[PDB]
Colleague: 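Before we start, here is the structure in question, set down as structure tokens.
For the numbers below, each heavy atom of this structure counts, side chains included, while hydrogens, waters and symmetry mates do not. In each ligand, atom 1 is the first atom listed, and ligand 1 is the first ligand listed. Residue numbers start at 1 and run along the sequence shown.
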Amino acid sequence: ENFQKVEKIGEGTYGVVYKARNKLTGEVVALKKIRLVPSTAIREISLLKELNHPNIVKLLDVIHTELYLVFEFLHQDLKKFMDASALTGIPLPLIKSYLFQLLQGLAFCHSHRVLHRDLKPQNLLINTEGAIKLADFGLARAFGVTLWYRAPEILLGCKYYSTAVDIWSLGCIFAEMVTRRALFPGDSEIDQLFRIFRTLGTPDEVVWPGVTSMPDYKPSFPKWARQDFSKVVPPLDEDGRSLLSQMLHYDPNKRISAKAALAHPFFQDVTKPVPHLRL
Ligand SMILES: CC(C)(O)Cn1cc(-c2nc(NC3CCN(S(=O)(=O)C4CC4)CC3)ncc2C(F)(F)F)cn1
């Protein structure tokens with residue numbers, strides 16, 4: 001009744017997303033219809049209405065009548081942009097700008113103990129003004145599949161994972177912007193873990209204390225040597241490779257925080273370019 005659906009723009013784990021217009025006000029929004037409401041989800045989603053930041057997609061309204069989530073609408077995601085930019089690549093100053101802004105978004109959310117848990121290029125939304133924003137923060141915790149961006153602690157069965165899972169995912173996305181190919185495109189959970197291990201080396205107690213005690217760890221995992229890191233994201237410079245290395249540390253406690261990543265020398269020359277978007 002209150003929204004005219006314009007077109008289907010996405011499908012998440014929790015429901016279909018439509019571009020829609022408010023019939024009273026004329027505001028254009030993204031309207032997510034949540035699939036099959038538990039009272040704890042209502043309370044958790046209501047708290048996310050408060051979590052406002054320029055690099056977080058705004059949750060405008062929660063409508064529990066007879067659950068719909070009304071979000072800010074952006075015109076493109078980073079997957080479509082990367083695919084449009086595949087001949088030439090995204091220029092490094094724009095990659096750097098986007099990574100910086102996404103680390104600002106993560107630093108804000110993490111400072112409020114809110115995790116994303118499922119970052120992927122389709123969750124990263126851009127506009128014509130050079131902004132990039134994170135979509136879906138806090139929904140995984142509120143409500144309770146691409147594996148390519150999943151942290152190794154998740155894949156090894158850790159129940160009580162941390163803000164570090166989002167840094168991992170963002171490092172994977174960073175690498176993909178630079179190289180124009182997904183870093184770890186696994187098509188099952190074991191294929192995902194084995195692709196990580198084939199690049200970064202099979203983890204052991206030296207690099208990741210406690211790893212051999214993790215729920216899904218098996219002593220029978222093959223033991224791959226770690227690849228030379230300059231083979232992973234050529235031709236990214238040593239500042240970018242250093243930052244990526246720190247985002248992809250196995251040990252979640254060693255992995256760089258969003259806040260510390262913002263201070264990395266890679267961002268010494270950061271700027272805010274505007275992308276040419278074809279809408
Ligand atoms: C993935 C998910 C799980 O995040 C759920 N999901 C959420 C959205 C969403 N989408 C938009 N805008 C769209 C962005 C993609 N582009 S595209 O590149 O032309 C198209 C993909 C080819 C169309 C416009 N704006 C806001 C949101 C929200 F606020 F809801 F996040 C889309 N899917």
Side-chain angles (χ1 to χ4, degrees), residues 2-3 5-7 9-12 14-20 22 25-26 28-32 34 41 45-46 48 50-60 62-64 67-86 90 94-95 98 101-102 105-106 108-109 114-140 142 144 146-150 154 165-166 169-170 172-173 176-177 180 182 185 274-275 277 279:
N2 289 311
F3 294 91
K5 292 182 314 183
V6 182
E7 51 173 340
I9 62 183
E11 191 149 352
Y14 299 115
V16 181
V17 191
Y18 289 85
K19 183 181 189 178
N22 187 313
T25 75
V28 169
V29 301
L31 179 64
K32 184 170 199 175
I34 299 301
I45 295 292
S46 296
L48 295 176
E50 293 160 20
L51 176 90
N52 298 306
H53 184 278
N55 301 106
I56 301 300
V57 171
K58 186 179 174 41
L59 171 65
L60 301 172
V62 177
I63 304 168
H64 191 206
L67 190 60
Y68 296 82
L69 303 186
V70 183
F71 292 102
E72 163 190 14
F73 176 79
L74 286 90
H75 284 80
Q76 191 162 110
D77 71 33
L78 183 68
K79 180 180 195 300
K80 177 168 181 184
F81 185 68
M82 283 197 288
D83 287 351
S85 308
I90 306 171
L94 186 54
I95 294 179
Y98 285 173
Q101 285 180 71
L102 295 169
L106 272 64
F108 176 78
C109 286
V114 172
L115 294 57
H116 190 299
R117 309 176 215 238
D118 191 36
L119 288 175
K120 59 205 154 180
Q122 305 101 288
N123 286 96
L124 306 179
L125 304 187
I126 58 177
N127 72 15
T128 55
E129 300 266 290
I132 188 161
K133 307 194 187 198
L134 298 131
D136 301 4
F137 252 92
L139 299 189
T146 192
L147 294 176
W148 295 0
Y149 307 94
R150 284 264 184 290
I154 300 177
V165 304
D166 291 336
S169 299
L170 187 58
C172 291
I173 293 166
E176 186 169 344
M177 287 193 277
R180 315 178 214 160
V274 314
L277 300 185
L279 300 181

Colleague: Have a look at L134 and tell me which of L106, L125, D166 forms a side chain to side chain contact (heavy atoms under 4.5 Å, CB included) with it.
Modeller: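 Of all the options given, the one that passes is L106.
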Colleague: Can you name the atoms of ligand 1, numbered from 1 with element, that are less than 4.0 Å from a heavy atom of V57?
Modeller: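 Answer, ordered by atom number: 29 (F).
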Colleague: Could you tell me the separation between the NZ atom of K120 and the CZ atom of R150, rounded to the nearest 0.5 Å?
Modeller: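 Here the interatomic distance stands at 7.5 Å.
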Colleague: Pair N2, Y68 - check side-chain contact (heavy atoms from CB on, under 4.5 Å), show working.
Modeller: CA-CA 12 Å; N2 289 311; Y68 296 82; over 6 Å; no
Colleague: Check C172 against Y149 and note the closest heavy-atom contact, atom names and distance.
Modeller: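 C172 and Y149 have their closest heavy atoms at CB-CD2, 3.7 Å.
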Colleague: Numbering the atoms of ligand 1 from 1, which are under 4.0 Å from a heavy atom of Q122?
Modeller: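 The list of qualifying atoms is 1 (C).
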Colleague: Which bit of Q76 gets closer than 4.0 Å to ligand 1, counting heavy atoms only: side chain, backbone, both or neither?
Modeller: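 Both the backbone and the side chain of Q76 come within reach of ligand 1.
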Colleague: State whether the shortest distance between N or O atoms of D136 and N or O atoms of ligand 1 falls below 3.5 angstrom.
Modeller: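 In this structure, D136 places an N or O atom under 3.5 Å from an N or O of ligand 1.
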Colleague: Give the atom numbers and elements of ligand 1 that come within less than 4.0 Å of a heavy atom of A135.
Modeller: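 Going through ligand 1 atom by atom, the ones under 4.0 Å from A135 are 31 (F).
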Colleague: What atoms of ligand 1 come within less than 4.0 Å of a heavy atom belonging to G12?
Modeller: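 Per the distance check, 3 (C).
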Colleague: Using a 4.0 Å heavy-atom cut-off, which part of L69 comes near ligand 1: side chain, backbone, both, or neither?
Modeller: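 None of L69 does.
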Colleague: Run the numbers for me: atoms of ligand 1, each under 4.0 Å from some heavy atom of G10, listed by number.
Modeller: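 Atoms satisfying the 4.0 Å criterion: 33 (N).
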Colleague: May I ask you to list the atoms of ligand 1 that are less than 4.0 angstrom from any heavy atom of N123?
Modeller: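 Near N123, the atoms of ligand 1 are 4 (O).
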Colleague: Heavy atoms only: which of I126, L279, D77, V17 is nearest to atom 15 (C) of ligand 1?
Modeller: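 When every heavy atom of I126, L279, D77, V17 is considered, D77 comes closest to atom 15 (C) of ligand 1.
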Colleague: Between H53 and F108, how do the two ring planes meet: parallel, tilted or perpendicular, split at 30° and 60°?
Modeller: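 Answer is tilted, since the angle falls between 30° and 60°.
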Colleague: Nearest 0.5 Å, what's the CD-CG distance between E50 and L59?
Modeller: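 Nearest 0.5 Å value for the CD-CG distance: 10.5 Å.
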Colleague: Distance check, rounded to the nearest 0.5 Å: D136 atom CG versus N123 atom CG?
Modeller: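 So the CG of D136 and the CG of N123 are separated by 5.0 Å.
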Colleague: Taking the non-hydrogen atoms of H75, is any one of them nearer than 4.0 angstrom to ligand 1?
Modeller: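 Right, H75 reaches ligand 1.
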Colleague: Rounded to the nearest 0.5 Å, what separates atom NZ in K32 from atom CG in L67?
Modeller: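 If I round to the nearest 0.5 Å, the distance is 10.0 Å.
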Colleague: Can you sort out which atoms of ligand 1 are near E72, meaning under 4.0 Å from one of its heavy atoms?
Modeller: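 Counting from 1, the qualifying ligand atoms are 25 (N), 26 (C), 29 (F).
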